[PDB]
């Protein structure tokens, strides 16, 4: 009927209630609630977080008209495993492969410390020979085999993340690693060539790489928005708060493009005085940090041995609202670089990318298995 996804982020818990249309999703209600209950993408104070999630589920339950009781929880690429696996189910009759055989054969893969959370198909193989993308309505005589991609997350995260959302009085129908979700924000062309999604939130920066249409591998960095603000507060000798504002109001991640005529005033933290800075001044600190962030990204890529990103670079997430971000990355790499923002209205901010893709993934599996 209705699709409701929940994004439990370090800056704000995000919720989206949507409806499936022929050419996409129709957001009919959203909610957002800032919280200090989540840090580095994990629950820092259960109670505080459990209250943020409820508030978010409410603000949306109101704005959407729907009375939310079921939700799809996204999971951060943290303590996550992305590997290859296959499985085959047998037949004793002439069976017309339907959505239920897909699930049955995938379930086997969903099989110690971790737990398979997502199993997605790469290619199926009917009666031990017909290699095909879709095996539906095709007739199987002896067997249906699937070579899939699998994602596992550490049991500690899964459990508590769900214990917290379910403590709000709603059921978690399913879970979706952002490592799978980002596939949505891409284009078929990007997925094919080898695109790299860079989601810079507040505490975490997630990196996902897709090639030939499927996810290849993923990881995260504990450096993001907050660190930009931290760098700003120290550089202008000011409070975190005012630092978090001038970043929003005047932030520019590329030095060579920040204004001088643009001036603002920040108060000092050690005196009852006030200093005046230009946008460019602020830029020095911002670019520096956003750069160190991309340098981390590259390393993640090297570790995962995922060089070559002919698919290009896609950057998103809250910090993606920063000006000059596209400029800076393009200046330190040689592939296309775009800042993905949800198309649907109401959620036309980079920070909503993950939440909306969670719904996409939901719907995607809904069809695959029916």
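Residue numbers count along the first chain shown, from 1.
Where coordinates are absent for parts of the deposited sequence, a chain break appears; between neighbours residue 111 and residue 112 it spans 4 to 9 residues. A summary of the deposited B-factors shows that, of 224-232 and 274-282, the stretch with the larger mean C-alpha value is 274-282. If you average the C-alpha B-factors over 35-43 and over 52-60, the higher value belongs to 52-60.
Which of 202, 199, 260, 241 has the largest Cα B-factor in the deposited entry comes down to 260. Across 287, 81, 85, 178, the entry's maximum B-factor at the CA atom is seen for 85. The PDB entry assigns residue 370 a C-alpha temperature factor belonging to the highest third of its chain's modelled residues. In the deposited entry, the Cα temperature factor of residue 73 sits in the bottom third of values across the chain's modelled residues. Among all modelled residues in this chain, the alpha-carbon of residue 13 has a temperature factor (C-alpha) in the lowest third. In this PDB entry, the Cα temperature factor of residue 189 sits in the middle third of its chain's modelled residues. Split the chain's modelled residues into thirds by C-alpha temperature factor. Residue 23 is in the highest one.
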